[PDB]
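> sequence-free structure coming up:
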RNA sequence: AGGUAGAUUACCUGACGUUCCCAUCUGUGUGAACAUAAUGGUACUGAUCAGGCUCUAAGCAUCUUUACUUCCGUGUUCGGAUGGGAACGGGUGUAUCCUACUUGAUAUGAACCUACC
RNA sequence: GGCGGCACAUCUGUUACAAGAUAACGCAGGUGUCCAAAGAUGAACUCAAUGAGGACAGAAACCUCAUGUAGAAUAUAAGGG
RNA sequence: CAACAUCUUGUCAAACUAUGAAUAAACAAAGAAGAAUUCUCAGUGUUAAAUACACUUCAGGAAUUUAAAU
């Protein structure tokens, strides 16, 4: 008893009922795998600004 | 019925341009890609090492990270019913600087030129200039006269049939 | 002060190959004769394709050597003296080179042995002019102009002046 | 006749001409795009190379860095300005090729402003030993790259004499001392060649074999009065006179282009002569 | 024997030329495509009458040899060997397939073996064309109408106003001949080339 | 005007004859030394007696090629749409998009940095 | 259904409809391997073929010059490079 | 006779192709939050050294204009 192997009939109108789920803007801002030298400059400054910010907070 | 090879159906997709074989240019390896630029992926079959997948050939992506010998490029790939974010790492030989914003980046300059004058006219008191008009589709043309001194007429009628043999 | 000094046809090469059809044994002696005749160790040429009709791919077949300048000028006389400068007019290629083939190596009869045998030889002479280097230098390798290049007639006159050879159109 | 000429219009249509500077055989493009590809994380940082070329009379040394518009030259020191520093004849030898390298390095450092902390070697005894420049205080040496072009790197090539002057002049060029005139024997074998050793030993030998060959090979040497013993002390004074001051028309129209009107009028005359011939 | 002509009439399937992938094709039934006096100069025969096919179908190679025989026998009998030039302008470049089925045999589970050769024509595509002098034109139009009975579908005989296989009309060939723009090749003409080096 | 390094990679290529070289580049003499191979032919090194002979470069031609423009042609094909025609085969009409080969006219370069004249 | 075959894991070209996916026991074929070098790097050189020539040598042996956009070679099947 | 070159002629290709549509595919048309200008300005690196360049919430901070960009 053979059968129909495959058919794309209706498979594209199904996907447009709930439309193409675009990615959120948080997905475009990942910093994984970036340049190891760039990620070491960004870390070395964020630590520097935070240390001077927390010290000023402690002073007041 | 096709196969599952990585580079299947590439008789005409990877073939080099006619009389374009051999080495690439020297501005391919000299353009400077900075993070946030719009570049176009174009698979180069001459350089096999690092050839991007054939489904990304011609897609436009944003440079997200510039590594010493490869340029990170992120594109949107379509899946069953959702759009995912793909983060490749393509060597500069396989990508081309896209000029999608060629028109946009020349509108910014025109506005910036005007706004520069408005900070001088206002300081010196002159009436400031108005910003450039926005772009509109081809608007309906108005009514215009036509002179009767440089005019000529050609009668138009259906043509009598002439046999082609 | 005419630039005719820069068209002096000179002999800049001479090739003597002994194409024996057998590998080794006989060939090794074919190199010995070329060592005495020229004074420099010859090279060995291997087969290009294997043909059963010739009993021949990597097996050494022939041995050829090149000489230039003064050393190649005298050996050209010996090969011509055997022919007595009677070179056929069909021995000159359209590129300006001429050649001839001798059957017995005269060599030296003082120390001659039947072990070596009798080996034939082919003489090929390449003619040139000052300025032919532009097609052999590594940097900016180019192609010589057609006016500077030699002809079949240009090679005939050179052979009919220095050696006074008689060309036969038979 | 039996031709089968493979030059027909069906053969030119498929033709792919090579790059222009490769069509002339002047640039090795495969090994040039390795001296030009800078790390992509260094955005538009220049990558200098030393372009060393030897003509029949002049040793050309330039420090250049690539660009999209075209290769740009930072500094250049030819070997035809040696007569200013004393060296009058033999401007293409191994000894004059060391001077132009030293002349370039001291000209470059003076231009940038690092000629005070980068002195290299100055004496004559140490001219035979490899000297790799080192970090000074907290300022690294200027870094270049030799670009020999289409010249083989044989064990005694002159192009590494220009490199020899650079490293002894202060500029840092990455190298290994296995291709100078030394790389064997001792340092004096290299030192002698830097000071015209291989040239002085020629005329002290040709003058003893044939007095007419000596005239032929060194005709302009004898007329200038440069004895073989004086080569060591003319090159040493050249090095002393390079360090103390290294800080640096007529046109002949030929043919012109024939305009369109003259071009089309010539054919009509040629056609008329063809027609009047019959 | 041979399958009825109505089986392989409609044009279906991708073109199937004889090549290294399709091995074992019976040869075409036609080998001589040009008949008559093929060496007569262009100006000898001014009158040209075509056969135009008006149906999209497969004219089998058996219907060209069988038609070429009819034109040759009915034109030698009426005009002569030297008085006409008829050229068949379709070649059998398509291979029809057949699945010979013998019930102690396989079902519909296999491909087809090569059957013959046919030429894919379309609407308005000239099949056969000829040239002859004026005095023998009525004796060739009659022969051409007899040849349409061996073809399938609708065929239209068109009396072209052009010259003997050239593109110019019956008077433009006279203008170009007297000016000097026509150079003979024995059977065809050649344009006078105003390009390339000026001769001596 | 010339040499070095280039970017665009035939408007840059191929063939036929051409014109200067004053500087420059090339060709040019040679083999003691590093170095080189069967050959100082190549690469390597030392040099300056002559040379524009070939290079290179500037020009020529109803020059092959190639790069722009018109024509080819709204003809091929095609998106949309009948209870349109035909027994089929195929092919209209409407609102639209619109090639290619050929051929004809033009062109045979431009530019960036350092040096010398 | 059986017998036959593998469309059962897998690659190339085509059917395939100039993005991606894409069927038939559709077509033309291929894999269960081979390699201490056929991996890596540097240097030198230019290949198949044709024309002209050189004793035996000729349609095929070796050598020289000219032309030679890859018509050669790259372990294999095909397509790319 | 032929064979080899060359200039034309008639007809073809799913596993041929120089050129190459229509329909399409994926971008941009101002969201570290709606632009811009000026001044000031630090941490890590790249660099021959930077006052260049790269990342740092267009690091940060202060004023002026500003709702405009099919």
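In hand now; what should we look at? Numbers count the residues shown, from 1 in each chain, chains lettered A, B, ... in the order given.
> What are the neighbouring residues in contact with residue C:119?
Residue C:119 sits next to C:18, C:20, C:29-30, C:33, C:105 when contact means C-beta atoms under 8 Å, 6 or more residues apart in numbering or on different chains. C-beta: built from backbone N, CA, C; applies to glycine.
> What strand or helix carries the residue in chain A positioned nearest to chain E?
Residue of chain A nearest chain E, by C-beta to the nearest C-beta: residue A:2 (11.5 Å). Remark: residue A:2 resides in no helix or strand, with elements defined by DSSP states H and E.
> quick revisit: by neighbours, which of the contacts of residue C:119 wins?
Sorting these by how many neighbours each has (other C-beta atoms under 10 Å in any protein chain shown) puts residue C:30 first, at 25 neighbours.
> before we move on, back to that, next step: the contacts of residue C:119 restricted to helices.
In this view, the contacts of residue C:119 that belong to helices under DSSP state H are C:29-30, C:33.
> Switch those residues over to TSV; also include distance to chain B.
Below are the ones in helices among the contacts of residue C:119 laid out as TSV (distance: C-beta to the nearest C-beta, whole Å):
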residue	distance to chain B
C:29	49
C:30	45
C:33	48
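> Run through the residues of chain A sitting next to chain B.
Residues of chain A found near chain B (C-beta under 8 Å from any C-beta of the partner chain) are A:14-15, A:18-23, A:27-28, A:30, A:33-35, A:38.
> mind running it again at 10 Å?
When proximity is defined by C-beta under 10 Å from any C-beta of the partner chain, chain A lies next to chain B at A:5, A:11-12, A:14-24, A:27-39.
> What about RNA strand H: which of those residues touch it?
Checking the residues of chain A next to chain B against RNA strand H by C-beta under 7 Å from any atom of the strand, the ones in range are A:29, A:37-38.
> Mind picking the one among the residues you listed that's closest to residue E:151?
Set against residue E:151, the nearest of those by C-beta to C-beta is residue A:29 (73.1 Å).
> Which residue is the nearest non-sequential neighbour of the most centrally placed residue in chain A?
In chain A, the centroid-proximal residue (C-alpha atoms, centre = their mean) is residue A:27; its distance is 2.2 Å. The shortest distance from residue A:27 to any non-neighbouring residue, by C-beta to C-beta, 6 or more residues apart in numbering or on different chains, is to residue B:85 (4.9 Å).
> The one you found should be in a strand, yeah?
Yes: applying DSSP: H, G, I helix; E, B strand; the rest coil, one finds residue B:85 inside a strand.
> which stretches of the stretch 51-200 of chain D form helices?
Counting by DSSP state H, counting those that start in this stretch, the stretch 51-200 of chain D has helices at residues D:82-85, D:94-112, D:159-169, D:187-194, D:197-209.
> One more: chain A?
Using DSSP H, helices in chain A cover A:11-14, A:36-59.
> what separates the last one from the chain centre, distance-wise?
A distance of 23 Å separates the centroid of the chain from that of helix A:36-59, by C-alpha atoms, centre = their mean, to the nearest Å.
> just checking, what packs against it?
Helices and strands touching helix A:36-59, by 3 or more C-beta pairs under 10 Å, 6 or more residues apart in numbering or on different chains; DSSP states H and E, are strand B:60-66.
> In chain E, what residue lies closest to chain A?
For chain E, the residue closest to chain A is residue E:109, as judged by C-beta to the nearest C-beta, at 11.5 Å.
> And chain C, by the same measure?
Nearest residue of chain C to chain A: residue C:139, at 40.8 Å (C-beta to the nearest C-beta).
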